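Novice: Sharing a structure with you now.
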Amino acid sequence: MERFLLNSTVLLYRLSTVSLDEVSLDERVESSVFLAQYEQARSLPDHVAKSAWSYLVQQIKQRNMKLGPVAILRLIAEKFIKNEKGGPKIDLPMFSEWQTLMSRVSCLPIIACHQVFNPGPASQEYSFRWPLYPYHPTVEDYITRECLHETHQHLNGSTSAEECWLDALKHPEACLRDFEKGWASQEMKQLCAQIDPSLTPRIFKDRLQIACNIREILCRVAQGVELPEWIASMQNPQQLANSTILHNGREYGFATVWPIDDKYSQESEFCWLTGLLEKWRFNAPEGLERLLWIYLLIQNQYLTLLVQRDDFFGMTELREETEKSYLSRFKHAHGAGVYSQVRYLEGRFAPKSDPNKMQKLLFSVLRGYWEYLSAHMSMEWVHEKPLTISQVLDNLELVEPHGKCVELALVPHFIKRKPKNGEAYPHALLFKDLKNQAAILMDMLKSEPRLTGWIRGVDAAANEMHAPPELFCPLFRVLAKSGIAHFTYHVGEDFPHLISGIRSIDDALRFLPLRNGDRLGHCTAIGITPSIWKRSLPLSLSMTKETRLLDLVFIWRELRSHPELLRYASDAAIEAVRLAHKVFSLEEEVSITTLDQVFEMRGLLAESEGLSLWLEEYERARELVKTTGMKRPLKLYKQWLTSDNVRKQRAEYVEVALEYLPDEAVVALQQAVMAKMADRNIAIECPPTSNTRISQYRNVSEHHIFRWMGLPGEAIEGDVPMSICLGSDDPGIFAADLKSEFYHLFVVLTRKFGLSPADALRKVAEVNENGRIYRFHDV
Amino acid sequence: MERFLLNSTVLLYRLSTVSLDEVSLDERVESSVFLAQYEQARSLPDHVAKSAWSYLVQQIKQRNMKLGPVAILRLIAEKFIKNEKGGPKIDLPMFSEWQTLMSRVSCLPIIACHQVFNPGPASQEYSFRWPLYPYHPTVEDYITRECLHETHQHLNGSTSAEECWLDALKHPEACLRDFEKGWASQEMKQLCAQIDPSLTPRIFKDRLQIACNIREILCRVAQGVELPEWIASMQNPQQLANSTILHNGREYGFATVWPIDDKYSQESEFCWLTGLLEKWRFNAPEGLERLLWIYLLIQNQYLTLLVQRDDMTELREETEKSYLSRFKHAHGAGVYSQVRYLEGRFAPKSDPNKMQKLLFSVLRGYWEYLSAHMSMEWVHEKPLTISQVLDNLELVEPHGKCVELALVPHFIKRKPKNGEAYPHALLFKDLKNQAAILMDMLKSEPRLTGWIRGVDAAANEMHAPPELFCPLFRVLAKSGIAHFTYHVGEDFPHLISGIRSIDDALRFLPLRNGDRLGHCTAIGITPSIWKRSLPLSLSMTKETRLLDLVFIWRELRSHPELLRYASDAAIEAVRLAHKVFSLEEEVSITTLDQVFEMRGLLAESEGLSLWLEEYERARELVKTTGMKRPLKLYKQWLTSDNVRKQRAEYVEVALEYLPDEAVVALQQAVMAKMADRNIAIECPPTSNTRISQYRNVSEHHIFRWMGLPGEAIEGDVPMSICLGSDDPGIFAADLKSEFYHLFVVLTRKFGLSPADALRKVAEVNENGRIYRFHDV
Amino acid sequence: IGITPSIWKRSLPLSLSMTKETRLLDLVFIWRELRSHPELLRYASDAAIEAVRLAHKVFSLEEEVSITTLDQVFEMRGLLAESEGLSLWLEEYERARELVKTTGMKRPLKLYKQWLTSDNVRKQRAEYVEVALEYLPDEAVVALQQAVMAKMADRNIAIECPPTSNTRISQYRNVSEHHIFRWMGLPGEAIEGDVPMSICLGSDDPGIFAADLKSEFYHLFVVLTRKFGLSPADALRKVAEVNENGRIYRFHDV
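In structure tokens:
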């Protein structure tokens with residue numbers, strides 16, 4: 001019930017409006033927390049829900065201490081956190097549920113409470129830390145021996161969601177202005193209403209200003225100075241939304257001085273919380289008790305809004329500093345110690361589309377990397393102040409890898425958008441910007457060849473249905489001639505059908521120039537068990553006709569091979585020609601073999617379908644059709660692309676049964692792709708385990724990664740061994756680190772799957788080491 | 001996705017505040033549906049949700065149709081209802097989703113659309129009185145030759161859940177009176193907030209007034225009469241929340257002429273609905289269509305609130332017509348009834364004169380049905396009193412083909428109120444009066460014992476422990492009741508405790524051979540499926556914890572392999588006994604079993631006509647046998663303030679305290695004791711997802727009881743299971759509908775042949791006849 | 534937990550002598566870790582029988598004391614000696641003090657105060673009682689060991705191994721049958737149903753005039769290669785992980 005008492009929009013709305021004097025809200029908070037769990041965890045029964053809260057009230061009473069923020073934070077302090085050899089750590093048996101808790105409640109109030117009420121050993125120092133992670137000597141020694149390897153790290157924005165909350169306090173106007181830019185979009189409006197329907201930019205600004213002013217008020221309590229005496233007018237907490245009250249109509253300023261200049265840092269925030277709870281160690285005023293919830297509820301509520309919104313949309325907020333984030337992220341990367349404990353870090357960065365902005369951005373990342381190396385390394389620097397990207401490479405080329413630092417390989421990731429109608433093929437306005445985007449990324453490499461050694465790859469990471477896999481063939485192929493040397497593709501999890509999801513990954517292999525050693529990202533479709541996937545799904549699914557028509561063709565290609573299960577392959581071909589007649593509107597008969605050939609030729613650009632690096636590849640795609648006699652599939656493919664009647668049929672949605680294929684048939688597709696995966700030797704950047712975006716696993720015990728490792732029971736026979744690497748890209752949690760994800764994998768294997776620590780490390784270590792094996796870094 | 005446009009609170013709110021002057025609602029209806037889907041089915045992914053919504057939009061488009069309540073009803077009608085031999089029926093493959101749909105949306109609008117847009121063959125007469133069924137020859141003939149049997153069939157309310165909404169329209173003012181009475185308690189405050197957090201008693205009257213006035217408007221459309229020309233004065237649906245309208249500052253009501261006299265009857269609704277859709281076969285005005293949408297949203301929302309609220324003026328609405336309508340509804344279509352043995356659970360009352368009214372009204376209703384069906388000479392043409400009803404009822408001969416009735420009062424429990432040395436004291440003195448009121452009525456006219464065949468106690472288990480009813484049921488036994496069914500409340504804080512409660516009822520209460528135990532979910536659920544979507548740790552009262560551990564040691568001491576848990580149970584139980592009893596001296600685990608074995612003794616006899635005879639009955643056994651410390655502890659266990667304080671305190675219990683095999687071992691251990699006494703078990707309807715742990719019906723625990731190899735577990739001693747429709751959780755429900763539901767899931771999900779699928783469920787159905795409460 | 538029970542009985546008297554304190558702690562412990570096993574249960578029941586018999590002799594009390602009651606009495610032995618009646633020691637005493645107060649343990653608390661601070665009890669504890677050598681069979685002692693082996697592995701607490709050349713046990717006529725190899729997992733010599741250990745390597749008192757860890761590290765390799773017939777690549781692997789366990793469980797900073 002601690003999760004629903006620190007993150008509940010119903011509580012914040014109730015508490016903020018209610019005045020401070022009345023103390024009889026014990027029933028009001030009781031109902032609000034109960035409704036919040038019914039909104040969040042519907043499957044939790046009410047009778048246990050009432051019982052769990054009644055224990056908490058009883059547990060609070062026995063401890064002889066008032067209900068409040070200090071009450072709940074103290075309660076979590078002993079339950080989860082417990083000091084160990086390295087300092088403050090988390091119990092191994094309860095780290096699995098701690099990670100779930102962090103998705104809704106931040107750690108800084110809990111971390112500060114643990115130090116204040118359970119001081120560290122030897123009265124030692126304790127400053128702001130990384131996301132608290134458990135201690136186990138087996139895992140700790142391996143990480144010290146071999147540093148962790150990272151493949152999917154988003155360099156843009158803050159390091160984690162925690163400090164991004166602080167950045168909101170710095171410039172509340174900037175956040176509101178950017179928020180209203182996305183408010184007009186339905187997706188953000190839809191997502192905002194999901195967390196709280198009564199969320200409006202007017203009241204969003206009110207809450208942010210309220211959160212800022214509470215920090216001002218409580219800081220003065222932490223300093224120990226007597227309050228500026230306008231507190232007598234503080235009757236309703238809604239009064240803090242304007243940053244000024246009218247008590248006798250004189251000037252009132254909420255601005256206060258902090259012990260350190262940067263009030264918006266982790267150090268300042270941690271010192272504030274530790275001092276505040278110390279002054280409330282025995283008893284606290286009820287009025288200031290209630291206000292701390294107001295800050296905590298909004299601090300948790302905003303983070304959930306921020307982490308969920310980051311999934312959808314990927323300006324001025326990210327340009328506040330534009331350089332210090334990368335240095336701080338690198339500082340957060342290596343942890344605390346002589347050894348960086350993370351060796352090969354592939355930091356993705358969003359392209360900027362502006363040549364001056366792109367050069368400034370790329371300079372800031374490498375300059376931040378150079379500044380990070382300066383503190384640890386000690387040798388003469390050719391230019392002590394580069395102030396330009398060309399001089400940065402001069403300083404960096406002297407540095408040699410030694411395994412004690414955090415090696416880097418920037419990989420920009422292209423962002424897809426919605427297709428725009430017309431101009432000879434639907435995904436053209438997207439293509440035109442992307443074709444323009446390549447020039448922004450190509451000129452720098454051909455103007456300064458030395459920069460090629462750090463831009464080790466490219467990516468296309470927005471979603472799957474945003475753009476077809478073959479759409480990026482012209483971009484990747486022309487990038488190949490420019491010395492990119494590595495390509496990775498992030499398959500989105502928006503597959504309408506699990507059968508259709510397997511089609512996208514296979515099409516990625518066949519069309520993209522994924523050479524040996526290249527990587528794929530987020531390949532959930534070939535990991536999720538069909539029995540697991542059908543959990544709480546309607547019996548009738550729907551998708552576009554072009555999806556089903558390709559899905560049917562994909563089924564026939566894979567299933568005919570097996571001596572059995574060919575009945576589905578034969579019937580799929582029967583149904584495939586049925587849709588081709590409906591789509592192409594052709595009087596002549598069409599064969600299944602021709603449907604294979606026309607969709608196989610999909611890898612060609614539609615500009616050359618009517619018949631400098633770009634022109635050569637432009638003609639190269641056209642020469643394959645011209646040289647061979649396969650002109651009729653070209654005729655069909657042109658109709659498949661440039662015909663409005665055909666194109667309008669493609670966007671039409673169709674009714675497809677959920678149980679279209681039996682479970683063993685669907686698993687046959689996955690194992691067929693697993694064979695193709697190993698054949699090309701393509702690695703997969705597995706997403707972090709504690710990801711709620713799938714929301715189909717009731718617990719982490721069912722996560723598809725554990726099937727890829729090869730544990731008994733979960734893995735089915737015939738699963739070809741696969742190359743899996745780890746990456747902390749979209750954790751969905753407040754504070755994330757690849758070390759924390761590494762422990763979460765280790766804990767689950769040891770505890771709830773029945774494995775010895777030696778074996779459990781062995782399976783995780785080979786996955787972690789795959790980051791080194793399939794690294795894009797220069798060798 | 002069709003349900004979210006017919007039963008959705010958020011979509012109702014947006015449409016109600018939008019005036020009819022502008023009908024730019026294509027985006028507004030779409031966005032709310034996604035939110036509405038979000039607040040009902042969280043786990044459904046967004047990419048699938050958007051894909052499914054887009055198909056429905058184009059499905060309307062290709063139909064040269066506009067998005068409206070008529071549009072939704074059409075796609076639903078052609079998807080689920082297909083005409084068959086017995087008129088309109090339901091597709092067998094699509095019956096599983098239909099029962100889930102009735103848990104959110106009523107069926108009367110749906111049947112009206114199918115009849116209008118796809119009429120039955122030959123235009124043969126068809127009037128809606130029963131919920132829709134799918135036709136299967138194998139099961140239908142079983143109905144013809146062997147009528148169904150119903151055990152847990154409550155009498156309060158009406159035949160189904162939908163027509164109670166019509167009764168709500170009869171007295172909208174009375175609805176507030178019952179709504180306000182419940183709303184005073186905070187328990188109903190959150191229950192209403194779960195469906196509509198923005199709900200107030202005044203708003204509730206608005207919607208009821210809004211729905212009635214919309215019905216009056218649309219009835220005028222169906223009549224073919226011209227509107228009263230206040231449409232120009234009407235632009236906001238909120239204007240209908242006061243039953244008054246203005247036209248140039250003139251008082252104009254909403255009354256209209258009805259050719260059907262009972263405007264608040266199901267027959268009137270279906271007649272109105274069919275005419276409405278017929279006139280809107282091709283096109284409908286946007287303004288009038290939205291009113292129909294609001295009325296559908298109101299009707300589905302209130303019934304959604306009603307089914308949760310069920311688990323004064325409404326009680327005395329008609330009090331005779333519902334009883335007669337129930338038996339006619341229970342009889343079914345055709346000359347011969349589909350139900351043979353039907354026993355009813357009527358709410359007892361604390362007024363002896365009110366009891367005479369209650370029994371007379373239901374017995375008068377039973378005789379009225381029998382007189383209408385079986386033409387046979389009666390001693391009295393109008394009985395007018397219970398004595399004369401028995402004179403009429405004693406004449407009839409049981410030939411099976413008509414409904415056989417056996418009324419069974421169901422005792423109700425309340426929260427444990429502090430004071431009087433034990434937490435259930437105002438309860439017992441109230442229950443003692445209720446039993447005594449029935450006692451004098453029975454002894455006055457002994458002929459009543461042929462219909463008051465049993466006693467039931469269905470409120471909860473946490474509120475009152477089973478052993479409190481031991482003095483109650485036994486004193487009923489000396490009155491010739493001879494049947495006692497105990498409906499265990501399945502709100503167990505822990506599954507082990509839930510199994511513990513079942514053992515208490517068997518050992519303590521006088522469950523004689525032939526009795527029943529309703530809602531035995533605890534001894535039916537799979538431990539692996541119970542742990543899902545639960546926290547790592549649970550919480551339950553110390554008294555529950557102490558009784559749980561002692562019960563564990565009673566059944567786990569026998570197992571050789573499952574022995575380490577029993578030994579640890581004994582170790583932990585005595586330590587809790589030290590903490591609970593606050594005892595200083597030594598205490599032994601054997602004494603705990605001996606002490607708790609005495610829990611079947613009376614409430615007041617622990618300190619020591632029918633009641634006084636029962637008083638010393640359990641007092642003599644305590645004194646005569648040697649031990650006194652168990653009495654001293656039992657006296658302390660009951661009437662010690664510190665013990666009472668300690669028992670109410672909560673403790674932290676691990677979820678996996680007993681492993682999966684161990685819990686199954688307990689579950690099978692009580693099953694053997696369950697089957698030894700030959701006690702039948704009432705089964706709740708499968709579609710009733712009160713437990714909400716079952717994501718789909720295919721994993722319902724009834725399948726494990728029936729012995730399906732895909733779900734049965736080793737060591738499962740077979741039981742005897744009887745069906746029952748008591749708390750369906752759906753608006754349109756019937757036993758035959760549930761019977762088909764059992765057959766459909768077995769035929770489709772499990773693959774059993776239709777001949778064999780009926781056989782497995784026929785055993786369940788006939789068990790109600792084997793363990794019937796009716797006299798021979 | 535290393536020496537095989539059959540090996541330990543080499544040239545021992547048929548009747549051992551041990552203090553009543555140790556004997557009483559054994560019988561309670563035997564009942565603790567043998568009530569779970571279904572076939573090794575008679576000894577646990579007899580352990581309960583002998584525990585109350587001896588406890589009555591020791592405590593000299595006239596009332597009844599149960600085996601479970603004895604379990605709590607010895608369980609809270611972690612309390613401070615001066616805290617039985619109840631700087632950084634004052635709060636540690638309070639935690640020992642507050643544990644006694646809050647719980648319902650009053651009768652077990654009373655015995656422990658008598659256990660520590662009664663002249664008659666202390667005199668009986670130091671007294672020596674004759675115990676049969678074969679009080680438990682060969683398998684029963686193994687079951688007790690593997691019960692601890694479960695506890696050691698679950699707690700993940702490494703074991704320091706004494707130097708192999710340190711033949712101070714006086715039961716191993718040769719280093720071939722050393723107890724380290726039983727934990728090693730070597731075929732045959734390792735008892736069936738064992739639980740793996742984490743074993744570091746230490747050279748504190750090697751028992752010979754000069755021995756570095758490297759000498760022992762070779763010494764284990766020679767026995768594995770020659771006396772056990774293991775290939776050098778396979779022989780090194782077992783010794784390597786033992787040596788590596790000395791790094792995994794190091795006391796040094798990270």
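The listed protein sequences correspond, in order, to chains K, J and L.
Read in order, the letters of the first sequence are residues 1 to 314, 323 to 619, 631 to 798 in PDB author numbering.
Read in order, the letters of the second sequence are residues 1 to 311, 323 to 619, 631 to 798 in PDB author numbering.
Read in order, the letters of the third sequence are residues 534 to 619, 631 to 798 in PDB author numbering.
Ideal placement from N, C-alpha and C gives every residue a C-beta, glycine not left out.
So which residues on chain J does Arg717(K) lean against when the C-beta distance must stay under 7 Å?
Specialist: In the first sequence, counting from the first residue as 1, residue 717(K) sits at position 698. Here the neighbours are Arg543 and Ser544.
Novice: Hey, out of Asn248(K), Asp502(K), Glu269(K) and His530(K), whose CA is closest to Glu704(K)'s CA?
Specialist: Position 685 of the first sequence, counting from 1, holds the residue named residue 704(K). Closest option to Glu704(K), Cα to Cα, is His530(K).
Novice: Would you mind reading off the limits of the alpha helix (DSSP H) that contains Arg639(J)?
Specialist: Within the second sequence, residue 639(J) is the residue found at index 617, counting from 1. First-last of the alpha helix (DSSP H) with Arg639(J): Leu632 to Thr646.
Novice: Between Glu736(L) and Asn718(L), what straight-line distance do the alpha-carbon atoms span, to the nearest angstrom?
Specialist: Indexing the third sequence from 1 puts residue 736(L) at position 192. Indexing the third sequence from 1 puts residue 718(L) at position 174. For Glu736(L) and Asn718(L), the distance between alpha carbons rounds to 23 Å.
Novice: What whole-angstrom Cβ distance do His494(K) and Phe117(K) have, given they're in contact under 8 Å?
Specialist: What you label residue 494(K) is simply residue 486 of the first sequence in a count that begins at 1. What you label residue 117(K) is simply residue 117 of the first sequence in a count that begins at 1. About 50 Å; that fails the 8 Å criterion.
Novice: Taking all protein chains shown into account, do 16 or more other C-beta atoms lie within 10 angstroms of the C-beta of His410(K), making it buried, or fewer, making it exposed?
Specialist: For the purposes of this step, residue 410(K) is taken as residue 402 along the first sequence, with counting starting at 1. So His410(K) counts as exposed.
Novice: Just to make sure I have the definition right: I need the residues of chain L whose C-beta is within less than 7 Å of the C-beta of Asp141(K). Which are they?
Specialist: What you label residue 141(K) is simply residue 141 of the first sequence in a count that begins at 1. Near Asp141(K) (Cβ distances below 7 Å), the residues of chain L are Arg791 and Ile792.
Novice: Along chain K, which residues have their Cβ under 7 Å away from the Cβ of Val798(L)?
Specialist: Taking the third sequence and counting its residues from 1, the one referred to as residue 798(L) is at position 254. Going along chain K in sequence order, the residues near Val798(L) (Cβ under 7 Å) are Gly86, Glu140, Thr144 and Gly345.
Novice: What first and last residue would you give for the beta strand (DSSP E) that runs through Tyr55(J)?
Specialist: Position 55 of the second sequence, counting from 1, holds the residue named residue 55(J). No beta strand (DSSP E) holds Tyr55(J); the alpha helix (DSSP H) holding it covers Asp46 to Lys61.
Novice: Any idea which residues DSSP pairs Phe422(K) with across the strands?
Specialist: In the first sequence, residue 422(K) corresponds to position 414, counting from 1. In the DSSP output, where bridge partners are listed per residue, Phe422(K) has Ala468(K).
Novice: Are the stretch 679-696 of chain K and the stretch 519-539 of chain K touching, with three or more C-beta to C-beta distances below 8 Å?
Specialist: With a cut-off of 8 Å, the stretch 519-539 of chain K and the stretch 679-696 of chain K count as touching, because enough Cβ pairs lie within range.
Novice: Give me the subset of the stretch 74-104 of chain K whose CB atoms are less than 7 Å from a CB atom of chain L, sorted by chain position.
Specialist: Taking 7 Å as the Cβ-Cβ cut-off against chain L, the residues of the stretch 74-104 of chain K that qualify are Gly86.
Novice: Could you tell me how far apart the beta carbons of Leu653(L) and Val644(L) are, in whole angstroms, since I believe they sit closer than 8 Å?
Specialist: Mapped onto the third sequence, residue 653(L) falls at position 109. Mapped onto the third sequence, residue 644(L) falls at position 100. Rounded, the Cβ-Cβ distance is 6 Å, consistent with contact.
Novice: Counting only the same chain and skipping the five closest in sequence on each side, list residues whose C-beta sits under 8 Å from that of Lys50(J).
Specialist: Residue 50(J) sits at position 50 when you count from the first residue of the second sequence. Cβ neighbours of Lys50(J) beyond the five flanking positions: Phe34.
Novice: If you measure from the beta carbon of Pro571(J) to each beta carbon in chain L, is any gap under 7 Å?
Specialist: In the second sequence, residue 571(J) corresponds to position 560, counting from 1. Yes, its Cβ sits closer than 7 Å to a Cβ of chain L.
Novice: Which residues in chain K sit within 7 Å of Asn700(L), going by Cβ to Cβ distance?
Specialist: Here the question's residue 700(L) lines up with position 156 in the third sequence. Neighbours of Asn700(L) on chain K, chain order: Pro776.
Novice: Can you grab the Cα-Cα spacing for the pair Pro172(K) / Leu208(K), in whole Å?
Specialist: Locating residue 172(K) in the first sequence gives position 172, where the first residue counts as 1. Locating residue 208(K) in the first sequence gives position 208, where the first residue counts as 1. Spanning the two alpha carbons is a distance of roughly 7 Å.
Novice: For the stretch 43-62 of chain K, list every residue whose C-beta sits within 7 Å of some C-beta in chain J, in sequence order.
Specialist: Of all residues in the stretch 43-62 of chain K, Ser43, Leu44, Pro45, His47, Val48, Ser51, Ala52, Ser54, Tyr55 and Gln58 have a Cβ within less than 7 Å of some Cβ in chain J.
Novice: Is DSSP giving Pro706(J) helix, strand or coil here?
Specialist: Walking along the second sequence from the start, residue 706(J) turns up at place 684. Coil, per DSSP.
Novice: Find out if the Cβ-Cβ distance for the pair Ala614(K), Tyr433(K) is shorter than 7 Å.
Specialist: Residue 614(K) sits at position 606 when you count from the first residue of the first sequence. Residue 433(K) sits at position 425 when you count from the first residue of the first sequence. In contact: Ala614(K) and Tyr433(K) (Cβ atoms closer than 7 Å).
Novice: Does the stretch 545-562 of chain J come within contact of the stretch 543-551 of chain L, defined as at least 3 CB pairs closer than 8 Å?
Specialist: Segments in contact, no.
Novice: Alpha carbon to alpha carbon, how far is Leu148(J) from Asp756(J)?
Specialist: Mapped onto the second sequence, residue 148(J) falls at position 148. Mapped onto the second sequence, residue 756(J) falls at position 734. Approximately 11 Å, taken between the alpha carbons.
Novice: So, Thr330(J) versus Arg177(J), is the Cβ gap smaller than 7 Å?
Specialist: To locate residue 330(J), count along the second sequence from 1; it is residue 319. To locate residue 177(J), count along the second sequence from 1; it is residue 177. Going by C-beta atoms, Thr330(J) is not nearer than 7 Å to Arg177(J).
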